[PDB]
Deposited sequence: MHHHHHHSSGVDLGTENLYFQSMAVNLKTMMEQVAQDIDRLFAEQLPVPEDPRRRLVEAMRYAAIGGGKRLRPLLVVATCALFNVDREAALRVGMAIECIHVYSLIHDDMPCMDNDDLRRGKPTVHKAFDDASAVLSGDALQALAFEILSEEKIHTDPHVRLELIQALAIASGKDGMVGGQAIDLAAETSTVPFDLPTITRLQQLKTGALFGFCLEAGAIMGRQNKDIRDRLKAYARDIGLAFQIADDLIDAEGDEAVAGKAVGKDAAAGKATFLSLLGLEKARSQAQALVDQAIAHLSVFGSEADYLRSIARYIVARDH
């Protein structure tokens, strides 16, 4: 099961890379720097957790594979742009990323701002195209979901809470850092899973179960990260080492449990929760 996953992963990574290169031809005009920055940030980089989730979820319902990949690129556009902006000096001020210089270092601050801005627009351009799905109602569902997942009630909202924690001398509580995770990383994860239910025209019960999986692995992910990282409150600082470890493991079990109404079609999502999140 870990081998079928490790190879799904590689197929996904090379496909997303292909899609981005194809989506981002370098224009023969002064937009050259902008698009080269977009390609620099979007191509080659991450392990494509988000496109992977989209592909693995769409596989529950035998969704058109190609369209599933493009939805993957759309969510990855949002993820990548968020990283470009997060890395900037006024934010996390990071010099490196994938062992490679961040956009504002390789290019400049303004190029980082604009390349991120363009990638957000591109996510919606991609989702909007007819190749995604013939049912227009479907495409609208994906677009509304992504817009909510990306903005003030989603990823950016989470970024903002994180910024508030860093600039406040009042330590946050467990409910607030939980809400922080739900928005900062959980919104995009939730989109990945929900996109599958949408692409498959599934019912509320199935939609709810997939979003619960996303909810639970997202939290497990952050708890694990709060452990790996070792002044603001964290799951480690609030739960302590022992309970944080046990709660991360419990969340993984829970995430898998949400998929229990599925047969073996849900096996990729099971593996993702273990051999990646755990």
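Exercise. Which parts of the deposited sequence lack C-alpha coordinates?
Worked result: Seq positions lacking coordinates: 1-22, 253-269, 318-320.
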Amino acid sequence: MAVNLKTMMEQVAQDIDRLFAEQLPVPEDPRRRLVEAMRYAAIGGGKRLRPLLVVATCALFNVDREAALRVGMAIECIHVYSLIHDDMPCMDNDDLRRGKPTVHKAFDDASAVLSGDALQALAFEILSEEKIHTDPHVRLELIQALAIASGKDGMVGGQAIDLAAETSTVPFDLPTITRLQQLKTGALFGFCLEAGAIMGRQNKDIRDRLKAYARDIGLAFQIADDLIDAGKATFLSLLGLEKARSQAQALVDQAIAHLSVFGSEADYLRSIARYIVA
From here on, numbers count along this sequence of modelled residues.
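Exercise. When the C-alpha temperature factors are averaged for each of 21-29 and 5-13, which stretch ends up with the higher value in the entry?
Worked result: Here the higher of the two C-alpha B-factor means belongs to 5-13.
For this session: Averaging only over Cα atoms, indicate whether 61-69 or 217-225 has the higher B-factor in the PDB entry.
Result: Going by the record's values, the stretch with the higher mean is 61-69.
For this session: Specify which of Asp153, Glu141, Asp108, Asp92 carries the largest Cα B factor in the deposited PDB entry.
Result: Of the candidates given, the C-alpha B-factor peaks at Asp92.
Problem set entry | Candidate set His104, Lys131, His85, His79 [ranked by C-alpha B-factor, highest] | That would be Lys131.
For this session: Please place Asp205 in the lowest, middle or highest third of its chain by C-alpha B factor as given in the entry.
Result: For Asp205, whose C-alpha B-factor we compare with every modelled residue in the chain, the answer is the highest third.
Problem set entry | Position of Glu166 among the chain's modelled residues by C-alpha B-factor, lowest, middle or highest third | CA B-factor rank for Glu166: middle third.
Problem set entry | Chain thirds of CA B-factor: placement of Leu96 | It belongs to the highest third of the chain when residues are ordered by C-alpha B-factor.
For this session: Would you please rank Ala230 by its C-alpha temperature factor against the other modelled residues of its chain and give the third it falls in: lowest, middle or highest?
Result: Highest third - that is where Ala230 ends up once the chain's C-alpha B-factors are sorted.
Problem set entry | Record-listed C-alpha B factor of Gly186: chain third | It belongs to the lowest third of the chain when residues are ordered by C-alpha B-factor.
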